[PDB]
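Participant: Structure provided below as structure tokens; questions to follow.
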Amino acid sequence: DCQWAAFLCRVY
Amino acid sequence: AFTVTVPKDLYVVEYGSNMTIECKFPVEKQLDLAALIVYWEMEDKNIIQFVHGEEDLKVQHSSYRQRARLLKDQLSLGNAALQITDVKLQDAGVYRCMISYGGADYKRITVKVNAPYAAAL
Ligand SMILES: *CC(=O)Nc1ccc(NC(=O)C*)cc1
Ligand SMILES: [N]
């Protein structure tokens with residue numbers, strides 16, 4: 001998932 | 001592992017009503033805002049962006065601004081609850097909750113919008 005991918009970056 | 005679960009992964013909601021779809025995440029001790037991040041999206045539209053308690057009306061996609069909110073009281077129960085008022089036919093589709101809280105996971109929820117013939121609409 002691209003949304004999932006972007007979400008892990010911003011958080012971690 | 002930190003697991004997010006959904007009580008319903010399919011919702012049928014009345015046209016013109018309010019809907020609340022829910023994602024559950026584990027909260028053992030008292031909920032720590034400093035550790036909690038919640039994102040709700042659907043079809044690349046940003047709906048909720050909740051960072052350690054911080055939110056910003058501006059990042060919310062225009063089709064959901066003033067209609068969509070995270071129910072704050074529910075978080076301390078381990079319930080990420082998205083409420084959308086005045087449900088439209090364009091709201092049917094697939095929603096994603098993404099939660100970070102000592103670990104990270106996400107679930108998809110499918111929403112169907114119906115218009116019962118004897119309902120308010
Ligand atoms: C498919 C895709 O979009 N992957 C993607 C998007 C954004 C990011 N952001 C960061 O890495 C910080 C990663 C992967
Ligand atoms: N990180």
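Simple scheme: letters A, B, ... for chains in structure tokens order, numbers from 1 for residues in each chain, numbers from 1 for ligands in the order shown.
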What's the 7 Å shell around residue 17 of chain B, counting only C-alpha atoms, without same-chain residues fewer than 2 positions away, as JSON, numbers by chain?
Facilitator: {"B": [14, 15, 19, 85, 86, 87, 121]}
Participant: What's around residue 11 of chain A at 10 Å? Count only C-alpha atoms, leave out sequence neighbours fewer than 4 positions away in its own chain, and write the answer as a short mmCIF file (atom, residue, chain, number, x, y, z; two decimals) with N, CA, C and O atoms, in the first residue's frame.
Facilitator:
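Heads up, here's the output in result_34.cif:
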```
data_model
loop_
_atom_site.label_atom_id
_atom_site.label_comp_id
_atom_site.auth_asym_id
_atom_site.auth_seq_id
_atom_site.Cartn_x
_atom_site.Cartn_y
_atom_site.Cartn_z
N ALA A 6 3.62 5.53 3.08
CA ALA A 6 3.84 6.91 3.51
C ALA A 6 3.59 7.07 5.00
O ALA A 6 4.30 7.82 5.68
N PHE A 7 2.59 6.36 5.54
CA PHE A 7 2.25 6.48 6.95
C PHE A 7 3.38 5.98 7.84
O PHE A 7 3.65 6.56 8.89
N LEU B 36 0.26 8.04 20.42
CA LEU B 36 -0.86 7.66 19.56
C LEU B 36 -0.89 8.48 18.28
O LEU B 36 -0.90 9.72 18.33
N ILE B 37 -0.96 7.79 17.14
CA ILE B 37 -1.17 8.43 15.85
C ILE B 37 -2.27 7.65 15.12
O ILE B 37 -2.22 6.42 15.06
N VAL B 51 -2.12 13.31 15.33
CA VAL B 51 -0.73 13.07 15.68
C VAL B 51 -0.54 13.50 17.13
O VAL B 51 -0.56 14.70 17.44
N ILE B 99 -3.17 2.97 12.50
CA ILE B 99 -2.96 3.34 13.89
C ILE B 99 -1.54 2.98 14.31
O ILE B 99 -1.06 1.87 14.05
N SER B 100 -0.88 3.92 14.98
CA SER B 100 0.43 3.70 15.57
C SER B 100 0.31 3.91 17.07
O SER B 100 -0.12 4.99 17.51
N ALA B 104 2.30 -0.75 14.91
CA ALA B 104 1.47 -0.14 13.89
C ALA B 104 0.76 -1.21 13.07
O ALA B 104 1.31 -2.27 12.79
#
```
Participant: Around ligand 2, which protein and nucleic acid residues have at least one atom no more than 10 Å from it, if we count only C-alpha atoms and all ligand atoms? List them as JSON, numbers by chain.
Facilitator: {"A": [8, 9, 10, 11, 12]}
Participant: Tell me, in Å to one decimal, how far atom CA of residue 56 of chain B is from atom CA of residue 39 of chain B.
Facilitator: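 Computing the Euclidean distance for atom CA of residue 56 of chain B and atom CA of residue 39 of chain B yields 12.3 Å.
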Participant: Using atom CA of residue 55 of chain B and atom 4 (N, counted along the ligand's line) of ligand 1 as the two end points, give the distance in Å to one decimal.
Facilitator: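 Here the two named atoms are 23.4 Å from each other.
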Participant: Identify every residue of chain B that has at least one atom within 12 Å of any atom of chain A, counting only C-alpha atoms, and report the result as a PyMOL selection string.
Facilitator: chain B and resi 35-46+49-52+95-108
Participant: Next, dump the selected residues to file, keeping only N, CA, C and O atoms, as a tab-separated table (two decimals), in the first residue's frame.
Facilitator:
```
chain	number	residue	atom	x	y	z
B	35	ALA	N	2.00	8.79	22.44
B	35	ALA	CA	2.35	7.61	21.65
B	35	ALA	C	1.36	7.29	20.54
B	35	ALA	O	1.60	6.35	19.77
B	36	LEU	N	0.26	8.04	20.42
B	36	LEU	CA	-0.86	7.66	19.56
B	36	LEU	C	-0.89	8.48	18.28
B	36	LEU	O	-0.90	9.72	18.33
B	37	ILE	N	-0.96	7.79	17.14
B	37	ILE	CA	-1.17	8.43	15.85
B	37	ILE	C	-2.27	7.65	15.12
B	37	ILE	O	-2.22	6.42	15.06
B	38	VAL	N	-3.26	8.36	14.60
B	38	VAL	CA	-4.40	7.73	13.92
B	38	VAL	C	-4.59	8.45	12.59
B	38	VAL	O	-4.67	9.68	12.57
B	39	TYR	N	-4.63	7.68	11.48
B	39	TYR	CA	-4.95	8.22	10.16
B	39	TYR	C	-6.17	7.51	9.60
B	39	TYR	O	-6.23	6.27	9.62
B	40	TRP	N	-7.11	8.26	9.06
B	40	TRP	CA	-8.19	7.65	8.29
B	40	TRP	C	-8.10	8.19	6.87
B	40	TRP	O	-7.95	9.40	6.67
B	41	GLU	N	-8.22	7.29	5.90
B	41	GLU	CA	-8.23	7.71	4.51
B	41	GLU	C	-9.25	6.89	3.73
B	41	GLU	O	-9.72	5.86	4.20
B	42	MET	N	-9.61	7.38	2.54
B	42	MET	CA	-10.38	6.57	1.61
B	42	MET	C	-10.06	7.02	0.19
B	42	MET	O	-10.19	8.21	-0.13
B	43	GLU	N	-9.59	6.08	-0.64
B	43	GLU	CA	-9.27	6.36	-2.05
B	43	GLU	C	-8.35	7.57	-2.19
B	43	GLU	O	-8.63	8.51	-2.93
B	44	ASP	N	-7.28	7.58	-1.41
B	44	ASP	CA	-6.28	8.65	-1.42
B	44	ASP	C	-6.76	9.98	-0.85
B	44	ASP	O	-6.01	10.96	-0.92
B	45	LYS	N	-7.98	10.07	-0.31
B	45	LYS	CA	-8.43	11.30	0.32
B	45	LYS	C	-8.10	11.23	1.81
B	45	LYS	O	-8.50	10.28	2.48
B	46	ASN	N	-7.36	12.22	2.31
B	46	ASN	CA	-7.06	12.29	3.74
B	46	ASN	C	-8.32	12.70	4.51
B	46	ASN	O	-8.95	13.72	4.20
B	49	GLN	N	-6.17	12.99	10.42
B	49	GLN	CA	-4.74	12.92	10.71
B	49	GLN	C	-4.54	13.40	12.14
B	49	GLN	O	-4.59	14.60	12.40
B	50	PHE	N	-4.33	12.47	13.05
B	50	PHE	CA	-4.32	12.73	14.48
B	50	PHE	C	-2.93	12.33	14.98
B	50	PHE	O	-2.59	11.15	15.00
B	51	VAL	N	-2.12	13.31	15.33
B	51	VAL	CA	-0.73	13.07	15.68
B	51	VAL	C	-0.54	13.50	17.13
B	51	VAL	O	-0.56	14.70	17.44
B	52	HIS	N	-0.40	12.52	18.03
B	52	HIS	CA	-0.18	12.80	19.45
B	52	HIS	C	-1.22	13.78	20.01
B	52	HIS	O	-0.95	14.52	20.96
B	95	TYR	N	-12.60	2.41	3.25
B	95	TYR	CA	-11.88	3.28	4.16
B	95	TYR	C	-10.73	2.52	4.81
B	95	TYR	O	-10.83	1.31	5.02
B	96	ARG	N	-9.64	3.23	5.12
B	96	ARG	CA	-8.48	2.67	5.80
B	96	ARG	C	-8.24	3.40	7.11
B	96	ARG	O	-8.05	4.62	7.12
B	97	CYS	N	-8.21	2.66	8.20
B	97	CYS	CA	-7.70	3.19	9.45
B	97	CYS	C	-6.27	2.69	9.65
B	97	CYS	O	-5.99	1.51	9.46
B	98	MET	N	-5.36	3.60	9.97
B	98	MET	CA	-3.95	3.28	10.22
B	98	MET	C	-3.60	3.84	11.58
B	98	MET	O	-3.74	5.04	11.81
B	99	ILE	N	-3.17	2.97	12.50
B	99	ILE	CA	-2.96	3.34	13.89
B	99	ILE	C	-1.54	2.98	14.31
B	99	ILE	O	-1.06	1.87	14.05
B	100	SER	N	-0.88	3.92	14.98
B	100	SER	CA	0.43	3.70	15.57
B	100	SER	C	0.31	3.91	17.07
B	100	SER	O	-0.12	4.99	17.51
B	101	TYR	N	0.65	2.88	17.83
B	101	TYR	CA	0.57	2.93	19.29
B	101	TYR	C	1.40	1.82	19.92
B	101	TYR	O	0.86	0.80	20.36
B	102	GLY	N	2.72	2.02	19.98
B	102	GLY	CA	3.60	0.94	20.38
B	102	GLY	C	3.51	-0.21	19.39
B	102	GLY	O	3.16	-1.34	19.76
B	103	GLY	N	3.82	0.06	18.13
B	103	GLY	CA	3.46	-0.80	17.03
B	103	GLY	C	2.51	-0.11	16.07
B	103	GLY	O	1.97	0.97	16.33
B	104	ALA	N	2.30	-0.75	14.91
B	104	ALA	CA	1.47	-0.14	13.89
B	104	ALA	C	0.76	-1.21	13.07
B	104	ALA	O	1.31	-2.27	12.79
B	105	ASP	N	-0.49	-0.91	12.69
B	105	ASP	CA	-1.30	-1.79	11.85
B	105	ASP	C	-2.38	-0.95	11.19
B	105	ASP	O	-2.48	0.26	11.41
B	106	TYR	N	-3.20	-1.61	10.39
B	106	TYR	CA	-4.25	-0.92	9.66
B	106	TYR	C	-5.28	-1.95	9.23
B	106	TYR	O	-4.99	-3.15	9.14
B	107	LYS	N	-6.51	-1.48	8.99
B	107	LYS	CA	-7.59	-2.31	8.50
B	107	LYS	C	-8.34	-1.53	7.43
B	107	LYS	O	-8.32	-0.30	7.39
B	108	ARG	N	-9.00	-2.27	6.55
B	108	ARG	CA	-9.89	-1.69	5.57
B	108	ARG	C	-11.33	-1.93	5.97
B	108	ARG	O	-11.69	-3.03	6.39
```
Participant: Please identify the strand (DSSP E or B) residues within chain B (assignment by DSSP from backbone atoms) and present them as a count of residues only.
Facilitator: 54
Participant: Quick one: residues within 7 Å of residue 25 of chain B, only C-alpha atoms, excluding same-chain residues fewer than 5 positions away - as number ranges by chain?
Facilitator: B: 3-5, 78-79
